[PDB]
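Just the one chain here, laid out as structure tokens, in the form deposited in one PDB entry.
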């Protein structure tokens, strides 16, 4: 696969978690849309989610070996805490775009700091699931001239 989409802890709860009090679409719905999008552009796209930081790190390591050209990542809570993730992405030297569903700057102060943002191509926050689709459009044109 040429692009890997990674989703961090708790994002498996989307739609499952508090629907109509705080839900509606799901991770599996987001994943299908992105694969379809990338399928329209003749590009293979993988996806991965985990609540375990080591699984994600491991997955990033595997990406180097598969020749993934770009990672689109929603590190979720790990954004704020995990230097291990940062050093995984820099260690494999695969460029990445960071995406958040919610506008992190409108939330608690600890959510305003990222161990990844300075090393990303760019960041999109607050635009919901559409944030991933934008990141993918960007990535497609970065690979195909």
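Numbering follows the first chain given and starts at 1. Only residues modelled in both forms are compared. Take the two forms, superpose them, and find the largest set of C-alpha atoms that agree within 1.5 Å; that set is the rigid core.
The form deposited in another entry exists for this protein as well; it is not shown, and the discussion that follows is about that form.
Once the rigid core is used as the reference frame, the Cα position of residue 128 differs between the shown form and the other one by less than 2 Å. With the core held fixed between the shown form and the other one, residue 15 has its Cα displaced by under 2 Å.
Note: the CA-CA distance for residue 75 and residue 19 expands in the other entry relative to this form, by 3 angstroms or more. Whereas the shown form places them at one spacing, the Cα atoms of residue 127 and residue 22 lie at least 3 Å closer in the other entry.
When the two forms are fitted on their rigid core, the residues between the shown form and the other one that move as a run of three or more, each C-alpha shifted by 2 Å or more, fall solely in 16-23.
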